[PDB]
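Below you will find one chain, with nothing else, as structure tokens; this is the form deposited in one PDB entry, and questions on how it binds or moves follow later.
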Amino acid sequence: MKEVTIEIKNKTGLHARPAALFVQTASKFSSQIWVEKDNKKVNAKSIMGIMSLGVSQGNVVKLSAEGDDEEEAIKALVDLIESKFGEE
């Protein structure tokens, strides 16, 4: 299992296009992937799950992945987040 804690720094948090990019990126991997905030854990591949978490700019979340490509999955999501989903 691979886990990392990371601040979501883009304007919309995990909403709008960034939320779609997040779920699409997570979905490329066979691992089970989760996002957690404030004692609530959801499936990173689920748009309903991500929305239910209500992740806004500045919020810190814990990402975790379990499976054959767990390191790669986490690195992809970290890289996407650290690029602010392509936004300046």
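Residues that one form lacks are left out of the comparison. Start at 1 with the first residue shown and count on from there. Whichever C-alpha set is largest while still superposing within 1.5 Å between the two forms counts as the rigid core.
Visitor: Could you settle it for me: does 44-52 or 30-38 have the higher average Cα B factor in the PDB entry?
Guide: Averaging CA B-factors over each stretch, the winner is 30-38.
Visitor: Determine, for stretches 6-14 and 62-70, which one has the higher mean CA B-factor as deposited.
Guide: Stretch with the greater average CA B-factor: 62-70.
Not on display, but discussed next: the form deposited in another entry.
Visitor: Kindly check if the Cα atom of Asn10 is displaced 2 angstroms or more between this form and the one not shown relative to the superposed rigid core.
Guide: The answer is yes, as the C-alpha of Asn10 shifts between this form and the one not shown by 2 Å or more after core alignment.
Visitor: Where the Cα shift reaches 2 Å or more for at least three residues in a row, which ranges qualify between this form and the one not shown on a rigid core fit?
Guide: Three-plus residue run displaced between this form and the one not shown: 1-15, uniquely.
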